[PDB]
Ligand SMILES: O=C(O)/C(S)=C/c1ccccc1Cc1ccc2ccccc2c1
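One chain comes next, on its own, written as structure tokens: the form deposited without the ligand.
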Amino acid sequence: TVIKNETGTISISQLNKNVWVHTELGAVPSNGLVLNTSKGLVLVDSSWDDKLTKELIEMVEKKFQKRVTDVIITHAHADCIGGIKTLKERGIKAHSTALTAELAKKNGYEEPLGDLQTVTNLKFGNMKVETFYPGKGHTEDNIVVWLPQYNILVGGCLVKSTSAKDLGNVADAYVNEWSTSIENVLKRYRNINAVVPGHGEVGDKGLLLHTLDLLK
């Protein structure tokens, strides 16, 4: 089940009952999650900019007939924090680590909450969400999101997709530590089912091993 906007730059596909993957084209695709809970919609990452972000919000709010209440920002790059201004004017709480918040400000973006600690567990209605900071990798502040009820891991851009052979922008990356950080994710979560890459199709733990291979 995949719904799209007339243009095709925004699509939302269902992973299971209350978990959907949202993808926006900036033409570079970017993934994030949409969580349908009993108390509203929760997104993992926004979009490239305020126009796409607003349109994404409008699309999901109309479909689920609920308001988007929270958003988890995985790192301070445009494909994740690009629509921060849109979130703040709609009363949407932009969760982030303190580091992501100071890097967002340093990059000309408005500041997210900076509330997430190294390990933070949030529960929206009956939906459980855990955020984890594994260390530096794709960026200095990147975090991953874990849904313990589905054993779904949002690796964000710390994880590359199956056909990806390029690590992407490494000017802000810590290539040498990236490997250790992925190992911390692997040691922390022993039974992973699906993992959503920052860009690309949903896969499994094999995506982390693949990324470790690219990093060698």
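Numbers follow the displayed sequence, beginning with 1.
Keep in mind that the form deposited with the ligand bound is not shown, yet the notes after this line are about it.
Heavy atoms of no residue among 16, 22 and 127 are located within 4.5 Å of the ligand in the deposited complex. Considering the ligand in the deposited complex, the lone stretch of 38-46, 54-62, 184-192, 156-164 in range is 156-164 [heavy atom distance within 4.5 Å]. Mapping the unseen interface onto this chain, residue 79 counts among the residues with a heavy atom inside 4.5 Å of the ligand in the deposited complex. When the ligand is considered in the deposited complex, residue 176 lies well away from it, no heavy atom lying within 4.5 Å.
Of the residues in 1-16, none comes within 4.5 Å of the ligand in the deposited complex through any heavy atom.
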